[PDB]
Amino acid sequence: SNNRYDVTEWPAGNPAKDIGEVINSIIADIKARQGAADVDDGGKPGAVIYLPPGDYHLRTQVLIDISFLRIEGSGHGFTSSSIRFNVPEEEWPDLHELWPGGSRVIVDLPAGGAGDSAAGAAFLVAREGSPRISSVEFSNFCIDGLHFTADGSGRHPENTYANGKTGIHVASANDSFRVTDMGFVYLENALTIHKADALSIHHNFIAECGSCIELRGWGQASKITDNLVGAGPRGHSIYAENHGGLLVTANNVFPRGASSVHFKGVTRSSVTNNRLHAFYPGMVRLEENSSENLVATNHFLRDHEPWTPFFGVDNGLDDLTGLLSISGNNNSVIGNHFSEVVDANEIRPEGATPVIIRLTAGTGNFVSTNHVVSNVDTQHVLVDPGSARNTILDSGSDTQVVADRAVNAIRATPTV
Amino acid sequence: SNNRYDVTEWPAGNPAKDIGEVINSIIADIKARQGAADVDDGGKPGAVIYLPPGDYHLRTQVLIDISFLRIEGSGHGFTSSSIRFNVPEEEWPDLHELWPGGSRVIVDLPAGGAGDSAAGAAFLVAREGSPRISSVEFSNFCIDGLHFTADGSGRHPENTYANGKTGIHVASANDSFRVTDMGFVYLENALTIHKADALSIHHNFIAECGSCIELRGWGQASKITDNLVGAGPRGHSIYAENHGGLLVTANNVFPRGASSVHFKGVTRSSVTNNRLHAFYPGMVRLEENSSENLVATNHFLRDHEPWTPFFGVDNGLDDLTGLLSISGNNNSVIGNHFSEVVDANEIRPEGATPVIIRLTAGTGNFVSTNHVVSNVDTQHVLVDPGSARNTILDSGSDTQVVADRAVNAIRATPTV
Amino acid sequence: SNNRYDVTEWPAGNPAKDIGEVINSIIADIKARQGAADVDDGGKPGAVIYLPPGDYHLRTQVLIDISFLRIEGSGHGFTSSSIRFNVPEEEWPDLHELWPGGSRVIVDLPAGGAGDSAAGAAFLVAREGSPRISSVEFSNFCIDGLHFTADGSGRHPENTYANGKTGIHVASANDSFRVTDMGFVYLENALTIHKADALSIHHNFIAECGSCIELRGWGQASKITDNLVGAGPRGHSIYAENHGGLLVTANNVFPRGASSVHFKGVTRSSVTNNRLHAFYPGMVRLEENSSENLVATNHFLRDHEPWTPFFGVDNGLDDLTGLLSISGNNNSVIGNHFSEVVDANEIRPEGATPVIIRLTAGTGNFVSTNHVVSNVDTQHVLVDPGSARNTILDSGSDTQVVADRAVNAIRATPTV
Ligand SMILES: OC[C@H]1O[C@@](CO)(OC[C@@]2(O[C@H]3O[C@H](CO)[C@@H](O)[C@H](O)[C@H]3O)O[C@H](CO)[C@@H](O)[C@@H]2O)[C@@H](O)[C@@H]1O
Ligand SMILES: OC[C@H]1O[C@@](CO)(OC[C@@]2(O[C@H]3O[C@H](CO)[C@@H](O)[C@H](O)[C@H]3O)O[C@H](CO)[C@@H](O)[C@@H]2O)[C@@H](O)[C@@H]1O
Ligand SMILES: OC[C@H]1O[C@@](CO)(OC[C@@]2(O[C@H]3O[C@H](CO)[C@@H](O)[C@H](O)[C@H]3O)O[C@H](CO)[C@@H](O)[C@@H]2O)[C@@H](O)[C@@H]1O
């Protein structure tokens with residue numbers, strides 16, 4: 001074989017009923033043909049698996065345990081299942097289409113057990129031993145979790161962002177992975193990648209999923225670029241933990257994730273030049289000694305949800321949280337724009353001054369030239385007693401920077 | 001069928017004479033085979049249409065009225081038709097190539113009627129009713145308008161930037177569209193997309209077209225990233241109207257569009273980190289209550305046209321226009337570099353001080369740490385009487401910031 | 001033919017033994033079939049050459065002398081050959097894979113002569129005469145130089161970063177070229193492009209090569225975006241000379257190149273919003289009248305090498321060099337973050353204060369709002385006597401900005 005596979009032209013199995021069995025069957029063939037690891041300076045180059053545009057049901061989890069496997073399609077096929085499930089059911093046979101399309105993988109797996117959301121993943125990338133599994137590519141296909149289900153919260157089942165399904169789950173240490181041009185829709189978790197080195201997530205459309213991008217465990221020298229991201233109110237849009245040298249740029253993050261970016265103990269990383277829009281506070285969270293990070297030239301918009309099916313759904317956080325919350329040392333917050341739109345009548349807790357940037361802990365945080373435009377009075381910067389020895393420049397007037405001048409360097413934005 | 005089409009292997013029609021008829025014939029086949037919208041949790045996944053590298057004439061407009069249609073090629077095939085048409089005609093048979101290449105669609109349509117430039121579009125994406133037409137992809141092919149024609153302006157016909165031809169025209173509301181890796185050349189309009197939600201224009205080469213990117217009507221949460229853009233002096237390089245949450249980054253915009261970026265009533269968007277180069281003033285225009293936008297870390301160069309066929313062609317605007325013109329409220333202009341190269345002898349109007357940043361209207365505009373390097377004296381910032389209550393920091397000395405100190409906060413850049 | 005070629009389905013030659021002969025044979029066929037340059041408004045559209053995933057040996061240099069040639073694969077196949085060659089040899093038969101994969105081109109060429117590293121290039125793009133060779137595309141395949149060899153330096157042969165092999169070498173003036181989604185590994189030079197106009201290097205993985213990206217001779221309006229880059233200590237990560245309008249963004253440059261970015265006489269370009277990490281000083285060098293450049297919102301980390309096989313390897317430069325060295329006029333250094341981790345016991349020369357930003361020559365350089373976090377005392381900015389008339393704002397306290405106040409405008413970062 002020439003290492004080129006098409007799921008519609010594989011003899012064993014049929015991809016309409018179960019594309020999981022088909023791809024696993026292909027992976028078996030690749031391992032059979034690529035047994036030896038050092039023959040003429042080569043051995044296991046891997047292979048490419050092609051999904052033509054189509055509606056493929058996946059009933060078996062795809063296990064990927066080989067390096068250099070590309071899975072490509074010919075279309076991300078996103079349509080807004082959220083909108084359609086909220087359209088009256090009578091009007092459905094008049095709609096031009098109902099379901100997502102492209103090269104579509106329908107995740108027909110049940111929810112996973114105790115700490116086993118991995119068991120409900122369409123694609124599981126896992127391997128033990130050395131070296132790190134490397135250069136697996138997912139390109140330009142659709143992954144659909146189809147329906148959200150009742151969570152006992154009382155809301156309409158299709159608006160819970162709950163089904164125990166994952167698009168792609170990478171369990172093992174990985175080097176040089178790529179997720180590009182994908183479409184993820186209607187999954188509790190779109191993309192969960194543990195232990196990622198030199199990972200690239202470029203130019204995906206990841207929307208109407210509970211959580212979109214979670215980089216878990218740890219990682220190094222990775223980048224999340226040029227994505228369109230929208231999550232649900234109990235989940236993360238972009239999340240990373242214990243990462244170093246992460247680059248988060250050029251993303252357009254829209255609602256309705258709890259956060260837009262959420263870092264737990266992330267260091268020496270850069271969250272710069274993204275468009276961020278949420279309907280709740282707590283848009284960007286640097287937590288648990290997230291230190292020496294650059295947060296720069298981003299555009300923040302926080303406003304009220306206008307779409308009436310989610311009117312009065314929130315993420316549990318009040319306006320004193322801040323749009324940018326920082327618990328950690330020596331970060332750099334430079335050149336950001338913040339737009340705060342809130343109605344004075346509905347500011348929680350009653351009658352507080354909403355806060356934009358908040359330093360809850362740590363020291364040496366540099367905050368310079370940030371511009372806040374708000375329809376109400378705001379605390380541009382709020383430095384808790386738990387944080388000290390911070391420099392805060394041109395980010396508000398003396399009224400707008402609430403902080404103890406004894407232990408912090410402040411310059412007020414000139415006025416009048 | 002497996003929803004995979006190749007224009008060179010379609011029985012009905014021949015793509016050398018008319019690829020328009022061929023693709024429309026394919027679209028008819030897709031609609032025939034994908035009638036039902038809800039069969040086994042699916043129905044109309046769409047399809048992919050492949051253009052091998054070749055010279056294809058298009059004589060019929062391609063109408064796209066289905067979601068999830070990908071049209072892909074294998075090469076953007078840009079060569080500079082402008083350069084070649086200005087090379088002496090005697091030398092033409094010595095040139096290695098003459099025409100553009102790649103997967104080439106030659107637009108052989110006549111110009112459109114009154115308000116109907118849409119009729120001269122090679123690709124028309126239009127549909128009525130719900131939902132929004134979604135996830136149409138144009139990838140890695142060439143669209144050539146072949147020749148520019150006489151406009152009665154007296155200039156050489158091939159330098160008018162005038163033929164009534166459009167590359168791609170999207171008329172209807174659309175969600176999750178993509179234009180990637182394309183080559184557009186020698187069209188009056190390269191890419192015109194009305195009413196665009198979550199649109200992505202990543203990594204295209206869009207040059208020697210009258211106007212390149214126009215986002216018209218309205219739109220939300222879209223992004224124009226990583227493009228190489230060059231327009232003509234009566235047209236737009238990047239234009240958007242009535243957009244929210246637009247992200248314009250990582251573009252290299254070269255001459256010779258009138259503007260590099262032009263916003264009409266665009267809000268809460270970000271034009272950051274682009275390289276911008278024009279031969280005229282008015283490089284970036286925020287007009288008609290373009291408000292709460294971030295303009296950051298861009299590199300502006302304005303200089304004289306050196307290429308002698310366009311020597312003394314301009315866009316009608318004088319040096320008092322400004323490089324960055326702002327008419328709107330609460331924008332953020334941070335960290336930009338401006339290089340102004342003009343000859344003192346040819347500054348229009350005679351003997352004026354050229355202006356870099358200009359605030360013609362609105363209030364609350366924040367302008368901090370911008371650096372201007374000019375071979376002459378310049379008005380780094382000019383605040384008209386019509387604009388007030390702006391903050392202007394470290395963007396010039398007191399001489400260089402022309403503004404009424406009573407109603408604006410100014411800090412001069414320290415000196416000497 | 002339809003201009004579509006597959007290296008595994010070409011009759012003349014076999015790509016396992018010599019893919020160079022196969023591709024050159026294909027190029028001969030394309031020139032044979034595309035003789036005429038103006039037939040029905042077309043002539044030489046070019047072609048696409050496909051490499052399925054596989055282990056292909058290249059023994060003949062591929063000469064590309066036609067416009068619009070795409071060479072595509074289906075996988076970048078990077079694995080870390082550096083790690084594996086430093087793993088004990090006994091453990092090798094237990095490793096899951098050894099070699100890189102994807103669509104793999106193994107460079108089996110010997111080293112080149114005097115000033116002829118071009119002779120050891122797998123892919124040579126060269127043409128004389130007009131117009132500029134245009135829109136050649138390299139996409140999503142692997143280029144492997146296989147082994148590094150003894151350089152007489154005493155270090156292990158596989159750690160010398162020395163074999164005289166180049167991945168892709170472009171010798172001639174070129175317009176609208178693309179290198180996207182590639183994997184380069186174990187080459188002395190990954191990508192060397194002379195005389196490049198409107199070049200795009202988007203989304204490549206270029207690691208464990210002596211030098212990765214060199215833009216040589218001259219060039220205009222090009223961009224290096226969204227790459228993962230790692231070089232060797234005698235070479236360049238990103239290098240450009242005599243370029244204008246270069247855009248370097250969204251890159252994650254990791255060790256162990258001498259520099260992360262190195263400019264020789266580069267003007268009116270932008271190095272903004274990259275993550276930069278080196279184990280040595282001299283991370284970003286603007287040299288030989290590199291002027292009017294924007295260096296903005298980047299994240300710099302300099303620390304000690306932790307990997308014991310390269311412990312005590314360096315690039316020859318001392319801590320007085322600076323992380324950002326500037327020799328040229330009117331540059332803009334805005335919004336950068338710098339993390340300096342050094343052990344006081346090993347600061348060369350003995351007991352000096354390490355410098356972060358250094359201005360060795362030129363005038364009018366604007367340096368505003370830069371934040372330095374260091375485990376030791378540092379010279380945040382050092383202005384040599386050879387540089388004067390610079391503005392330096394909020395980039396350190398008066399102690400931390402070493403400069404002559406008579407001929408430079410300084411504002412200290414407020415304190416305490
Ligand atoms: O809020 C975004 C979030 O909601 C979803 C599901 O509805 O899309 C909503 C959507 O519309 C919102 O924004 C438009 C413009 O502000 C507004 O008219 C509408 O009322 C809002 O619901 O948001 C995007 C653009 O931001 C639109 O494409 C979409 O219709 C979901 O897809 C997303 O996660
Ligand atoms: O000015 C760009 C504009 O003109 C076109 C058509 O000529 O390309 C011109 C071009 O050259 C210009 O820039 C070079 C370098 O400054 C200069 O030598 C020449 O005189 C200029 O015309 O511009 C790009 C680079 O900016 C070159 O590739 C090209 O030759 C057109 O393509 C473009 O819209
Ligand atoms: O230093 C990067 C440079 O080295 C190479 C070859 O070893 O990769 C090294 C690598 O690990 C380094 O970083 C990790 C995390 O800091 C550390 O544990 C290890 O000791 C270091 O060698 O660097 C990248 C991430 O930066 C890892 O993927 C890789 O293991 C080479 O690939 C690169 O040019």
# chains A, B, ... in the order shown; residues from 1 in each chain; ligands from 1

$ closest_atom_pairs --of "chain A" --to "ligand 3" --cutoff "7 Å" --atoms "only C-alpha atoms and all ligand atoms" --output "JSON lines"
{"residue": "A:175", "atom": "CA", "partner": "ligand 3", "partner_atom_place_in_ligand_line": "28 (O)", "distance": 6.0}
{"residue": "A:197", "atom": "CA", "partner": "ligand 3", "partner_atom_place_in_ligand_line": "28 (O)", "distance": 4.8}
{"residue": "A:198", "atom": "CA", "partner": "ligand 3", "partner_atom_place_in_ligand_line": "28 (O)", "distance": 5.8}
{"residue": "A:220", "atom": "CA", "partner": "ligand 3", "partner_atom_place_in_ligand_line": "25 (C)", "distance": 5.1}
{"residue": "A:221", "atom": "CA", "partner": "ligand 3", "partner_atom_place_in_ligand_line": "26 (O)", "distance": 5.0}

$ residues_near_ligand --ligand "ligand 2" --cutoff "7 Å" --atoms "only C-alpha atoms and all ligand atoms" --output "number ranges by chain"
B: 80, 82-83, 207-208, 230-232, 254-256, 306-307; C: 175, 197-198, 220-221

$ interface_residues --of "chain C" --to "chain B" --cutoff "8 Å" --atoms "only C-alpha atoms" --output "PyMOL selection string"
chain C and resi 2-4+37-38+41-48+67-70+129-131+134-135+137+175-176+198+221-223+225+245-247+249+268-270+272-273+292+294+296-297+330+332+334-335+366+368+389+391+406-411

$ atom_distance --atom1 "atom CA of residue C:384" --atom2 "atom CA of residue C:293"
19.4 Å

$ select_by_dssp --residues "stretch 98-164 of chain B" --states "strand (DSSP E)" --output "PyMOL selection string"
chain B and resi 103-107+121-125+133-134+137-139+142-144

$ closest_residue --among "A:236, A:380, A:264, A:216" --to "ligand 1" --atoms "only C-alpha atoms and all ligand atoms"
A:236

$ decode --residues "stretch 70-152 of chain B" --atoms "C-alpha atoms" --output "PDB file, in the first residue's frame"
ATOM      1  CA  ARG B  70     -15.764  23.171  -0.420  1.00  0.00           C
ATOM      2  CA  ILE B  71     -14.079  24.314  -3.615  1.00  0.00           C
ATOM      3  CA  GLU B  72     -10.376  23.465  -3.482  1.00  0.00           C
ATOM      4  CA  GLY B  73      -7.473  23.732  -5.908  1.00  0.00           C
ATOM      5  CA  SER B  74      -3.793  23.017  -5.819  1.00  0.00           C
ATOM      6  CA  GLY B  75      -2.193  26.397  -6.271  1.00  0.00           C
ATOM      7  CA  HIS B  76      -2.785  30.103  -5.916  1.00  0.00           C
ATOM      8  CA  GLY B  77      -0.874  30.806  -9.067  1.00  0.00           C
ATOM      9  CA  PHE B  78      -0.293  34.500  -8.572  1.00  0.00           C
ATOM     10  CA  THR B  79       2.121  36.205 -10.955  1.00  0.00           C
ATOM     11  CA  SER B  80       2.138  40.024 -11.340  1.00  0.00           C
ATOM     12  CA  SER B  81      -0.011  40.782 -14.411  1.00  0.00           C
ATOM     13  CA  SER B  82       0.470  44.481 -13.608  1.00  0.00           C
ATOM     14  CA  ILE B  83       4.247  44.228 -14.094  1.00  0.00           C
ATOM     15  CA  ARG B  84       3.938  42.227 -17.323  1.00  0.00           C
ATOM     16  CA  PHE B  85       1.328  44.521 -18.966  1.00  0.00           C
ATOM     17  CA  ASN B  86       3.764  47.452 -18.293  1.00  0.00           C
ATOM     18  CA  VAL B  87       6.748  45.535 -19.715  1.00  0.00           C
ATOM     19  CA  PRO B  88       7.218  46.489 -23.394  1.00  0.00           C
ATOM     20  CA  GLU B  89       5.143  44.214 -25.654  1.00  0.00           C
ATOM     21  CA  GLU B  90       8.165  43.352 -27.842  1.00  0.00           C
ATOM     22  CA  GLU B  91       9.830  41.562 -24.901  1.00  0.00           C
ATOM     23  CA  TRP B  92       6.779  39.339 -24.089  1.00  0.00           C
ATOM     24  CA  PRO B  93       7.794  36.233 -26.112  1.00  0.00           C
ATOM     25  CA  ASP B  94      11.121  36.190 -24.149  1.00  0.00           C
ATOM     26  CA  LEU B  95       9.323  36.004 -20.751  1.00  0.00           C
ATOM     27  CA  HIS B  96       9.208  32.558 -19.104  1.00  0.00           C
ATOM     28  CA  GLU B  97       5.492  32.911 -18.385  1.00  0.00           C
ATOM     29  CA  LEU B  98       2.862  35.594 -19.063  1.00  0.00           C
ATOM     30  CA  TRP B  99      -0.359  34.571 -17.335  1.00  0.00           C
ATOM     31  CA  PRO B 100      -1.147  33.516 -13.748  1.00  0.00           C
ATOM     32  CA  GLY B 101      -1.363  29.771 -13.099  1.00  0.00           C
ATOM     33  CA  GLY B 102      -2.251  27.313 -10.348  1.00  0.00           C
ATOM     34  CA  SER B 103      -5.831  26.083 -10.395  1.00  0.00           C
ATOM     35  CA  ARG B 104      -6.874  29.051 -12.483  1.00  0.00           C
ATOM     36  CA  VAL B 105     -10.432  30.314 -12.982  1.00  0.00           C
ATOM     37  CA  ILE B 106     -10.446  32.924 -15.764  1.00  0.00           C
ATOM     38  CA  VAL B 107     -13.437  35.219 -15.289  1.00  0.00           C
ATOM     39  CA  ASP B 108     -14.852  35.704 -18.842  1.00  0.00           C
ATOM     40  CA  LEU B 109     -18.035  37.528 -17.728  1.00  0.00           C
ATOM     41  CA  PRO B 110     -19.112  41.031 -18.861  1.00  0.00           C
ATOM     42  CA  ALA B 111     -19.566  43.954 -16.368  1.00  0.00           C
ATOM     43  CA  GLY B 112     -22.808  44.182 -14.324  1.00  0.00           C
ATOM     44  CA  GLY B 113     -25.701  46.719 -14.471  1.00  0.00           C
ATOM     45  CA  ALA B 114     -26.756  49.632 -12.148  1.00  0.00           C
ATOM     46  CA  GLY B 115     -26.253  48.375  -8.528  1.00  0.00           C
ATOM     47  CA  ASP B 116     -25.405  44.890  -9.791  1.00  0.00           C
ATOM     48  CA  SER B 117     -21.612  44.301  -9.600  1.00  0.00           C
ATOM     49  CA  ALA B 118     -22.837  40.958  -8.155  1.00  0.00           C
ATOM     50  CA  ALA B 119     -23.803  39.937 -11.747  1.00  0.00           C
ATOM     51  CA  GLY B 120     -20.101  40.036 -12.752  1.00  0.00           C
ATOM     52  CA  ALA B 121     -19.004  37.675  -9.953  1.00  0.00           C
ATOM     53  CA  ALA B 122     -17.459  34.330 -10.884  1.00  0.00           C
ATOM     54  CA  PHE B 123     -18.769  32.823  -7.639  1.00  0.00           C
ATOM     55  CA  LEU B 124     -22.087  34.017  -6.178  1.00  0.00           C
ATOM     56  CA  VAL B 125     -23.086  32.615  -2.787  1.00  0.00           C
ATOM     57  CA  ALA B 126     -26.750  33.466  -2.243  1.00  0.00           C
ATOM     58  CA  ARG B 127     -29.714  31.900  -0.460  1.00  0.00           C
ATOM     59  CA  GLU B 128     -33.007  33.046   1.076  1.00  0.00           C
ATOM     60  CA  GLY B 129     -34.565  31.662   4.250  1.00  0.00           C
ATOM     61  CA  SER B 130     -33.151  29.799   7.210  1.00  0.00           C
ATOM     62  CA  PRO B 131     -30.743  28.868   8.565  1.00  0.00           C
ATOM     63  CA  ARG B 132     -27.842  31.065   7.475  1.00  0.00           C
ATOM     64  CA  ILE B 133     -25.861  29.356   4.693  1.00  0.00           C
ATOM     65  CA  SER B 134     -22.927  27.850   6.612  1.00  0.00           C
ATOM     66  CA  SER B 135     -19.339  26.568   6.328  1.00  0.00           C
ATOM     67  CA  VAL B 136     -18.692  27.129   2.624  1.00  0.00           C
ATOM     68  CA  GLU B 137     -14.932  26.847   1.992  1.00  0.00           C
ATOM     69  CA  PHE B 138     -12.800  28.330  -0.799  1.00  0.00           C
ATOM     70  CA  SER B 139      -9.226  26.961  -0.648  1.00  0.00           C
ATOM     71  CA  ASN B 140      -6.028  27.309  -2.629  1.00  0.00           C
ATOM     72  CA  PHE B 141      -7.115  28.251  -6.148  1.00  0.00           C
ATOM     73  CA  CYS B 142      -6.645  31.234  -8.434  1.00  0.00           C
ATOM     74  CA  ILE B 143      -9.257  33.706  -9.720  1.00  0.00           C
ATOM     75  CA  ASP B 144      -8.105  35.871 -12.630  1.00  0.00           C
ATOM     76  CA  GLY B 145     -10.003  38.795 -14.194  1.00  0.00           C
ATOM     77  CA  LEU B 146      -7.385  38.751 -16.962  1.00  0.00           C
ATOM     78  CA  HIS B 147      -7.357  42.383 -18.200  1.00  0.00           C
ATOM     79  CA  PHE B 148      -8.319  45.819 -16.942  1.00  0.00           C
ATOM     80  CA  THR B 149     -10.166  48.008 -19.459  1.00  0.00           C
ATOM     81  CA  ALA B 150     -10.293  51.696 -20.441  1.00  0.00           C
ATOM     82  CA  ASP B 151     -12.206  53.877 -17.941  1.00  0.00           C
ATOM     83  CA  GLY B 152     -11.857  57.147 -19.911  1.00  0.00           C
TER      84      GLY B 152
END
